[PDB]
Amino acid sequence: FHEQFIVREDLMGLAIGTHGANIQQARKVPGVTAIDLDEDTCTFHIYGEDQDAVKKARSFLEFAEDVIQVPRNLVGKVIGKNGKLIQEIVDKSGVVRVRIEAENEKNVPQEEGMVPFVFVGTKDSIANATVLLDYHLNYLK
């Protein structure tokens, strides 16, 4: 069992972690045979005995910067009082950071009626953040 994914080069220090701390975790996953980074393509290859093990290792390393578009009319539901809810969401989810971006009205490329929330984190952490977003946006009354 072998999987491969690309981690953008500016996120590489998150994937590897301070003195390899993060990649060390992915390596010590039982069942993982090997993890190799092809630095000229920023591609991790993870080799291992079962799929679950290789996926568990991918889980630590698969950093991304993904944009979620949040309806402007609902933005406050996700930010909270005392910017506290958005901080809890980042903290619970496990993401590294969210940037909420307000672009000048002249800036043409904008989904209409939307505020970009740009998360940096593992794919799984962003998935966690997304459920909490949707919960506060659409569900919670």
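The first residue of the sequence shown is number 1, and the count goes up from there.
Which of 106-114 and 39-47 has higher mean CA B factor, as the PDB entry lists it = Taking the mean C-alpha B-factor of 39-47 and of 106-114, the larger value falls to 106-114.
ask   = Among the modelled residues of its chain, does the C-alpha B-factor of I79 lie in the lowest, middle or highest third?
value = CA B-factor rank for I79: highest third.
task = Give the position of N73 by CA B-factor within its chain, expressed as the lowest, middle or highest third.
result = CA B-factor rank for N73: highest third.
task = Consider only the C-alpha atoms of the modelled residues in this chain, order them by B-factor as the entry records it, and name the third containing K28: lowest, middle or highest.
result = For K28, whose C-alpha B-factor we compare with every modelled residue in the chain, the answer is the highest third.
request  = Taking the values exactly as deposited, rank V7 by C-alpha B-factor within its chain and report the matching third: lowest, middle or highest.
outcome  = Answer is lowest: the recorded C-alpha B-factor places it there.
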